[PDB]
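Participant: To start, I am sharing the structure in question, which I have written as structure tokens.
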Amino acid sequence: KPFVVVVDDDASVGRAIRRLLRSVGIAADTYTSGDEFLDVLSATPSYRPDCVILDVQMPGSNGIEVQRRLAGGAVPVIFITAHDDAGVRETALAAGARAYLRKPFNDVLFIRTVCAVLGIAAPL
Ligand SMILES: [Cl-]
Ligand SMILES: [Cl-]
Ligand SMILES: [Cl-]
């Protein structure tokens, strides 16, 4: 199964996303700490997601080091942010993010975005 990692400082966001992805056959692990995710990557080469969904607003880190570790490699990144982040597009462009979404999101847009980034057909 496709495997997605979410890093968002709100535990409720990771909870909602992992259940929604499970409903369409996509496994997901979620973190509130970018450092926690980075530590797993460094500890075991076998742990590699097919895509990362990254909260650019995480207080005190902004997901900067997660982005830096993945930059240039085979793991595409989708940026997520709050509904009133007027600048998320330029943020995504300069970071080499594959896509971006504002929270809250509807099912069709979220699933189509993730599936397109993963290179798989979307269920809806
Ligand atoms: Cl859960
Ligand atoms: Cl980070
Ligand atoms: Cl990598």
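We label chains A, B, ... in the order they appear in the structure tokens, count residues from 1 in each chain, and number ligands from 1 in the order shown.
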Any chance you could list, as a list in words, the residues in chain A that come up strand (DSSP E or B) when DSSP is run on the backbone?
Facilitator: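 The strand (DSSP E or B) subset of chain A is residues 3, 4, 5, 6, 7, 27, 28, 29, 30, 31, 51, 52, 53, 54, 55, 77, 78, 79, 80, 81, 82, 99, 100, 101, 102 and 103 of chain A.
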Participant: Could you save the residues just selected, with N, CA and C atoms, as a CSV table (one decimal), in the first residue's frame?
Facilitator:
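Contents of again.csv, freshly written:
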chain,number,residue,atom,x,y,z
A,3,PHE,N,2.2,4.8,1.2
A,3,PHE,CA,2.5,5.1,2.6
A,3,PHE,C,2.8,6.6,2.7
A,4,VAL,N,2.1,7.4,3.5
A,4,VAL,CA,2.2,8.8,3.6
A,4,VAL,C,2.6,9.1,5.1
A,5,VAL,N,3.5,10.1,5.2
A,5,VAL,CA,3.8,10.7,6.6
A,5,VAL,C,3.2,12.1,6.6
A,6,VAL,N,2.5,12.4,7.7
A,6,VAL,CA,2.0,13.7,8.0
A,6,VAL,C,2.9,14.3,9.2
A,7,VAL,N,3.3,15.5,9.1
A,7,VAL,CA,3.9,16.2,10.2
A,7,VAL,C,3.1,17.5,10.4
A,27,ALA,N,-1.9,3.9,3.7
A,27,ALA,CA,-1.4,3.9,5.0
A,27,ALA,C,-0.7,5.2,5.3
A,28,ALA,N,-0.8,5.6,6.6
A,28,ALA,CA,-0.2,6.9,7.0
A,28,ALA,C,0.3,6.8,8.5
A,29,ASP,N,1.4,7.5,8.7
A,29,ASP,CA,1.9,7.7,10.1
A,29,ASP,C,1.9,9.2,10.2
A,30,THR,N,1.6,9.7,11.4
A,30,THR,CA,1.5,11.1,11.7
A,30,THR,C,2.3,11.5,12.9
A,31,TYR,N,2.9,12.7,12.9
A,31,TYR,CA,3.7,13.2,13.9
A,31,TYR,C,3.3,14.7,14.2
A,51,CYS,N,5.2,9.9,0.2
A,51,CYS,CA,4.9,11.4,0.2
A,51,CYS,C,4.9,11.9,1.6
A,52,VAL,N,5.2,13.1,1.8
A,52,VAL,CA,5.1,13.8,3.1
A,52,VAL,C,4.2,15.0,3.0
A,53,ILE,N,3.3,15.1,4.0
A,53,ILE,CA,2.4,16.2,4.1
A,53,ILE,C,2.9,17.0,5.3
A,54,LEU,N,3.3,18.3,5.1
A,54,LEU,CA,4.1,19.1,6.0
A,54,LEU,C,3.4,20.4,6.4
A,55,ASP,N,3.1,20.6,7.6
A,55,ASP,CA,2.6,21.9,8.2
A,55,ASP,C,3.7,22.9,8.2
A,77,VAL,N,6.8,16.4,-1.3
A,77,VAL,CA,6.2,17.1,-0.2
A,77,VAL,C,5.0,17.9,-0.6
A,78,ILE,N,4.0,17.8,0.2
A,78,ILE,CA,2.8,18.6,0.0
A,78,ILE,C,2.7,19.5,1.2
A,79,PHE,N,2.7,20.8,1.0
A,79,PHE,CA,2.6,21.7,2.1
A,79,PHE,C,1.1,21.9,2.5
A,80,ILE,N,0.9,22.0,3.8
A,80,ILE,CA,-0.4,22.3,4.3
A,80,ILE,C,-0.3,23.5,5.3
A,81,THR,N,-1.4,24.3,5.4
A,81,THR,CA,-1.3,25.5,6.2
A,81,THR,C,-2.8,25.9,6.5
A,82,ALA,N,-2.9,27.0,7.3
A,82,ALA,CA,-4.2,27.4,7.7
A,82,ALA,C,-4.9,28.2,6.5
A,99,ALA,N,2.9,20.3,-4.2
A,99,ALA,CA,1.6,20.8,-4.1
A,99,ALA,C,1.3,21.4,-2.8
A,100,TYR,N,0.2,22.1,-2.6
A,100,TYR,CA,-0.1,22.7,-1.3
A,100,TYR,C,-1.6,22.7,-1.2
A,101,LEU,N,-2.1,22.6,0.1
A,101,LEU,CA,-3.5,22.7,0.4
A,101,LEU,C,-3.7,23.5,1.7
A,102,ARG,N,-4.8,24.2,1.7
A,102,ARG,CA,-5.2,25.0,2.9
A,102,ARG,C,-6.2,24.1,3.7
A,103,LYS,N,-6.1,24.1,5.0
A,103,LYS,CA,-7.0,23.5,5.9
A,103,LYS,C,-8.1,24.4,6.2
Participant: Using only C-alpha atoms and all ligand atoms, find each protein or nucleic acid residue lying at most 6 Å from ligand 3; present the set as a list in words.
Facilitator: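 Counting only what the definition allows, namely only C-alpha atoms and all ligand atoms, the set is residues 70, 73, 74 and 75 of chain A.
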Participant: Output N, CA, C and O atoms of each residue in that selection to a file, as a compact mmCIF listing (two decimals), in the first residue's frame.
Facilitator:
# COMPACT_ATOMS: atom_id res chain seq x y z
N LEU A 70 14.49 16.14 3.08
CA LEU A 70 13.88 15.48 1.93
C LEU A 70 14.23 16.16 0.61
O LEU A 70 14.06 15.54 -0.45
N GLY A 73 15.20 14.71 -3.21
CA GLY A 73 15.13 13.26 -3.24
C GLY A 73 13.81 12.75 -3.80
O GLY A 73 13.02 13.47 -4.40
N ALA A 74 13.57 11.46 -3.55
CA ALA A 74 12.43 10.78 -4.14
C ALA A 74 11.14 10.94 -3.34
O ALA A 74 10.12 10.39 -3.75
N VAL A 75 11.15 11.68 -2.24
CA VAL A 75 9.96 11.85 -1.41
C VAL A 75 9.36 13.22 -1.72
O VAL A 75 9.90 14.24 -1.26
Participant: Can you work out which residues are within 12 Å of ligand 1, considering only C-alpha atoms and all ligand atoms, and then hand them over as a list in words?
Facilitator: residues 11, 12, 13, 14, 15, 16, 17, 18, 19, 20, 21, 22, 23, 27, 28, 29, 30 and 31 of chain A
Participant: Could the residues in this selection be saved with N, CA, C and O atoms as an mmCIF file, in the first residue's frame?
Facilitator:
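Below you can see part.cif, which holds the result:
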data_model
loop_
_atom_site.group_PDB
_atom_site.id
_atom_site.type_symbol
_atom_site.label_atom_id
_atom_site.label_comp_id
_atom_site.auth_asym_id
_atom_site.auth_seq_id
_atom_site.Cartn_x
_atom_site.Cartn_y
_atom_site.Cartn_z
ATOM 1 N N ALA A 11 -2.286 17.458 16.841
ATOM 2 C CA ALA A 11 -2.539 16.017 16.824
ATOM 3 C C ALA A 11 -3.870 15.681 16.160
ATOM 4 O O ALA A 11 -4.007 14.610 15.560
ATOM 5 N N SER A 12 -4.865 16.567 16.272
ATOM 6 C CA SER A 12 -6.167 16.292 15.674
ATOM 7 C C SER A 12 -6.102 16.284 14.152
ATOM 8 O O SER A 12 -6.900 15.598 13.504
ATOM 9 N N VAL A 13 -5.177 17.043 13.565
ATOM 10 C CA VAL A 13 -5.015 17.014 12.114
ATOM 11 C C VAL A 13 -4.463 15.667 11.669
ATOM 12 O O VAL A 13 -4.964 15.059 10.715
ATOM 13 N N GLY A 14 -3.410 15.190 12.335
ATOM 14 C CA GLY A 14 -2.872 13.889 11.970
ATOM 15 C C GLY A 14 -3.897 12.782 12.134
ATOM 16 O O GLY A 14 -4.028 11.906 11.276
ATOM 17 N N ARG A 15 -4.659 12.831 13.228
ATOM 18 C CA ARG A 15 -5.717 11.859 13.475
ATOM 19 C C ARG A 15 -6.746 11.849 12.341
ATOM 20 O O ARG A 15 -7.087 10.789 11.803
ATOM 21 N N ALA A 16 -7.255 13.025 11.963
ATOM 22 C CA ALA A 16 -8.237 13.085 10.885
ATOM 23 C C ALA A 16 -7.648 12.600 9.563
ATOM 24 O O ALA A 16 -8.297 11.854 8.816
ATOM 25 N N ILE A 17 -6.415 13.005 9.255
ATOM 26 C CA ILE A 17 -5.838 12.639 7.966
ATOM 27 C C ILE A 17 -5.579 11.140 7.879
ATOM 28 O O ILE A 17 -5.876 10.508 6.855
ATOM 29 N N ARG A 18 -5.025 10.535 8.931
ATOM 30 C CA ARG A 18 -4.705 9.114 8.828
ATOM 31 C C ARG A 18 -5.958 8.266 8.664
ATOM 32 O O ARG A 18 -5.936 7.267 7.936
ATOM 33 N N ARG A 19 -7.068 8.666 9.295
ATOM 34 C CA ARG A 19 -8.302 7.914 9.110
ATOM 35 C C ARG A 19 -8.847 8.093 7.698
ATOM 36 O O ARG A 19 -9.328 7.131 7.088
ATOM 37 N N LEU A 20 -8.782 9.317 7.166
ATOM 38 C CA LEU A 20 -9.281 9.556 5.818
ATOM 39 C C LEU A 20 -8.455 8.796 4.783
ATOM 40 O O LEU A 20 -9.011 8.179 3.867
ATOM 41 N N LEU A 21 -7.129 8.805 4.925
ATOM 42 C CA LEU A 21 -6.292 8.056 3.991
ATOM 43 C C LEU A 21 -6.543 6.558 4.103
ATOM 44 O O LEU A 21 -6.591 5.853 3.088
ATOM 45 N N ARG A 22 -6.717 6.054 5.329
ATOM 46 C CA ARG A 22 -7.026 4.638 5.496
ATOM 47 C C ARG A 22 -8.290 4.259 4.726
ATOM 48 O O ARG A 22 -8.371 3.173 4.141
ATOM 49 N N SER A 23 -9.284 5.150 4.700
ATOM 50 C CA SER A 23 -10.548 4.831 4.044
ATOM 51 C C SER A 23 -10.397 4.636 2.541
ATOM 52 O O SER A 23 -11.274 4.026 1.921
ATOM 53 N N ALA A 27 -1.925 3.890 3.670
ATOM 54 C CA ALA A 27 -1.404 3.868 5.024
ATOM 55 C C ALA A 27 -0.728 5.194 5.342
ATOM 56 O O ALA A 27 -0.152 5.845 4.467
ATOM 57 N N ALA A 28 -0.772 5.578 6.615
ATOM 58 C CA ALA A 28 -0.216 6.861 7.013
ATOM 59 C C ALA A 28 0.260 6.787 8.452
ATOM 60 O O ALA A 28 -0.376 6.144 9.296
ATOM 61 N N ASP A 29 1.382 7.450 8.714
ATOM 62 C CA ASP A 29 1.898 7.712 10.050
ATOM 63 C C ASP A 29 1.930 9.218 10.218
ATOM 64 O O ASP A 29 2.305 9.936 9.288
ATOM 65 N N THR A 30 1.565 9.702 11.401
ATOM 66 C CA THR A 30 1.517 11.135 11.651
ATOM 67 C C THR A 30 2.337 11.487 12.885
ATOM 68 O O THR A 30 2.490 10.682 13.816
ATOM 69 N N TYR A 31 2.868 12.707 12.866
ATOM 70 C CA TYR A 31 3.742 13.223 13.905
ATOM 71 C C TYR A 31 3.336 14.657 14.195
ATOM 72 O O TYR A 31 2.886 15.377 13.298
#
Participant: With distances taken over only C-alpha atoms, which of A:86, A:124, A:43, A:92 is nearest to residue 106 (chain A)?
Facilitator: A:124
Participant: Could you list, as a list in words, all protein and nucleic acid residues with an atom at most 7 Å from ligand 2, counting only C-alpha atoms and all ligand atoms?
Facilitator: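 Here is the list of contacting residues: residues 34, 35, 61, 62, 63, 64, 65, 66 and 67 of chain A.
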Participant: Restricting the calculation to only C-alpha atoms, which member of A:9, A:39, A:50, A:107 is positioned closest to residue 76 (chain A)?
Facilitator: A:50
Participant: Would you mind telling me which residue in A:85, A:26, A:69, A:2 lies nearest to residue 38 (chain A) when using only C-alpha atoms?
Facilitator: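 When distances to residue 38 (chain A) are compared using only C-alpha atoms, the smallest one comes from A:69.
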Participant: List every residue of chain A that DSSP, applied to the backbone of this structure, assigns to helix (DSSP H, G or I), and report them as a short mmCIF file (atom, residue, chain, number, x, y, z; two decimals) with N, CA and C atoms, in the first residue's frame.
Facilitator:
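states-v4.cif, written as the output of this step:
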data_model
loop_
_atom_site.label_atom_id
_atom_site.label_comp_id
_atom_site.auth_asym_id
_atom_site.auth_seq_id
_atom_site.Cartn_x
_atom_site.Cartn_y
_atom_site.Cartn_z
N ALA A 11 -2.29 17.46 16.84
CA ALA A 11 -2.54 16.02 16.82
C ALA A 11 -3.87 15.68 16.16
N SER A 12 -4.87 16.57 16.27
CA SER A 12 -6.17 16.29 15.67
C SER A 12 -6.10 16.28 14.15
N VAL A 13 -5.18 17.04 13.56
CA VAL A 13 -5.01 17.01 12.11
C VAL A 13 -4.46 15.67 11.67
N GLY A 14 -3.41 15.19 12.33
CA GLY A 14 -2.87 13.89 11.97
C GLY A 14 -3.90 12.78 12.13
N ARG A 15 -4.66 12.83 13.23
CA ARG A 15 -5.72 11.86 13.47
C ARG A 15 -6.75 11.85 12.34
N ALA A 16 -7.25 13.02 11.96
CA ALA A 16 -8.24 13.08 10.89
C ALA A 16 -7.65 12.60 9.56
N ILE A 17 -6.41 13.00 9.26
CA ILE A 17 -5.84 12.64 7.97
C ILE A 17 -5.58 11.14 7.88
N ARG A 18 -5.02 10.53 8.93
CA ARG A 18 -4.71 9.11 8.83
C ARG A 18 -5.96 8.27 8.66
N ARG A 19 -7.07 8.67 9.29
CA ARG A 19 -8.30 7.91 9.11
C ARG A 19 -8.85 8.09 7.70
N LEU A 20 -8.78 9.32 7.17
CA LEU A 20 -9.28 9.56 5.82
C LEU A 20 -8.46 8.80 4.78
N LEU A 21 -7.13 8.81 4.93
CA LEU A 21 -6.29 8.06 3.99
C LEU A 21 -6.54 6.56 4.10
N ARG A 22 -6.72 6.05 5.33
CA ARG A 22 -7.03 4.64 5.50
C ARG A 22 -8.29 4.26 4.73
N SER A 23 -9.28 5.15 4.70
CA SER A 23 -10.55 4.83 4.04
C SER A 23 -10.40 4.64 2.54
N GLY A 34 8.56 17.42 13.93
CA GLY A 34 9.41 17.10 12.80
C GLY A 34 10.65 16.32 13.20
N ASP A 35 11.23 16.67 14.35
CA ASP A 35 12.42 15.97 14.83
C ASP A 35 12.15 14.49 15.06
N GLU A 36 10.97 14.16 15.58
CA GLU A 36 10.62 12.76 15.79
C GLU A 36 10.62 11.99 14.47
N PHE A 37 10.07 12.59 13.41
CA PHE A 37 10.09 11.95 12.10
C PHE A 37 11.51 11.83 11.57
N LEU A 38 12.31 12.89 11.70
CA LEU A 38 13.69 12.85 11.23
C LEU A 38 14.48 11.75 11.93
N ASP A 39 14.22 11.54 13.22
CA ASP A 39 14.95 10.51 13.95
C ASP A 39 14.66 9.12 13.41
N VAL A 40 13.41 8.86 13.01
CA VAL A 40 13.09 7.55 12.45
C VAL A 40 13.79 7.35 11.11
N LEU A 41 13.74 8.37 10.25
CA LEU A 41 14.44 8.30 8.96
C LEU A 41 15.90 7.95 9.15
N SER A 42 16.57 8.62 10.10
CA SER A 42 17.99 8.39 10.31
C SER A 42 18.27 7.02 10.91
N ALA A 43 17.33 6.51 11.72
CA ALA A 43 17.57 5.25 12.40
C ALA A 43 17.41 4.05 11.48
N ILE A 64 11.01 23.24 8.79
CA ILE A 64 12.17 23.57 7.96
C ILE A 64 13.11 22.38 7.82
N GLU A 65 13.39 21.69 8.92
CA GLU A 65 14.38 20.62 8.84
C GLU A 65 13.85 19.36 8.17
N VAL A 66 12.55 19.08 8.28
CA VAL A 66 11.96 18.01 7.49
C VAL A 66 12.13 18.31 6.01
N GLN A 67 11.78 19.53 5.61
CA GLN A 67 11.93 19.91 4.21
C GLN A 67 13.38 19.77 3.77
N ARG A 68 14.32 20.24 4.60
CA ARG A 68 15.71 20.23 4.20
C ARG A 68 16.21 18.80 3.99
N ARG A 69 15.81 17.88 4.86
CA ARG A 69 16.26 16.50 4.73
C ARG A 69 15.73 15.85 3.45
N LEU A 70 14.49 16.14 3.08
CA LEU A 70 13.88 15.48 1.93
C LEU A 70 14.23 16.16 0.61
N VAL A 88 0.95 30.95 0.74
CA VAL A 88 1.44 29.58 0.71
C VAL A 88 1.98 29.19 -0.67
N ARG A 89 1.46 29.77 -1.75
CA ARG A 89 1.94 29.35 -3.07
C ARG A 89 3.42 29.67 -3.26
N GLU A 90 3.83 30.91 -2.97
CA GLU A 90 5.24 31.24 -3.16
C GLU A 90 6.11 30.42 -2.23
N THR A 91 5.62 30.17 -1.02
CA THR A 91 6.32 29.29 -0.09
C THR A 91 6.54 27.91 -0.71
N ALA A 92 5.48 27.34 -1.31
CA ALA A 92 5.60 26.03 -1.95
C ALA A 92 6.54 26.08 -3.15
N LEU A 93 6.41 27.11 -3.98
CA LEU A 93 7.25 27.23 -5.17
C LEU A 93 8.73 27.20 -4.80
N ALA A 94 9.14 28.09 -3.89
CA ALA A 94 10.56 28.21 -3.58
C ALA A 94 11.09 26.98 -2.88
N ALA A 95 10.24 26.26 -2.16
CA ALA A 95 10.65 25.06 -1.45
C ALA A 95 10.72 23.82 -2.33
N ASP A 107 -12.99 16.30 0.92
CA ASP A 107 -12.47 14.96 0.65
C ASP A 107 -11.92 14.85 -0.77
N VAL A 108 -12.69 15.30 -1.76
CA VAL A 108 -12.29 15.11 -3.16
C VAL A 108 -10.97 15.81 -3.44
N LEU A 109 -10.85 17.07 -3.00
CA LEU A 109 -9.61 17.80 -3.25
C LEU A 109 -8.44 17.15 -2.55
N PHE A 110 -8.63 16.74 -1.29
CA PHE A 110 -7.52 16.14 -0.54
C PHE A 110 -7.08 14.83 -1.17
N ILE A 111 -8.03 13.95 -1.45
CA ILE A 111 -7.68 12.63 -1.98
C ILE A 111 -7.10 12.75 -3.39
N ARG A 112 -7.69 13.60 -4.23
CA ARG A 112 -7.14 13.79 -5.57
C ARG A 112 -5.72 14.34 -5.51
N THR A 113 -5.46 15.27 -4.58
CA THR A 113 -4.12 15.84 -4.46
C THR A 113 -3.11 14.78 -4.05
N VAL A 114 -3.43 14.03 -2.99
CA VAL A 114 -2.50 13.01 -2.51
C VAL A 114 -2.27 11.94 -3.57
N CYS A 115 -3.34 11.48 -4.21
CA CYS A 115 -3.19 10.44 -5.23
C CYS A 115 -2.36 10.93 -6.40
N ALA A 116 -2.57 12.18 -6.83
CA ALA A 116 -1.78 12.70 -7.94
C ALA A 116 -0.30 12.76 -7.56
N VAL A 117 0.01 13.22 -6.35
CA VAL A 117 1.40 13.29 -5.91
C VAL A 117 2.01 11.90 -5.84
N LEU A 118 1.22 10.91 -5.41
CA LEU A 118 1.69 9.53 -5.34
C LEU A 118 1.78 8.88 -6.71
#
Participant: Residue 72 (chain A): which residues within 12 Å, counting only C-alpha atoms, same-chain residues fewer than 6 positions away excluded, as a PyMOL selection string?
Facilitator: chain A and resi 95-98
Participant: Using only C-alpha atoms, which residue out of A:104, A:44, A:32, A:119 lies closest to residue 60 (chain A)?
Facilitator: A:32
Participant: Taking only C-alpha atoms into account, which of A:33, A:24, A:105, A:71 comes nearest residue 123 (chain A)?
Facilitator: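 Between A:33, A:24, A:105, A:71, the residue approaching residue 123 (chain A) most closely is A:24.
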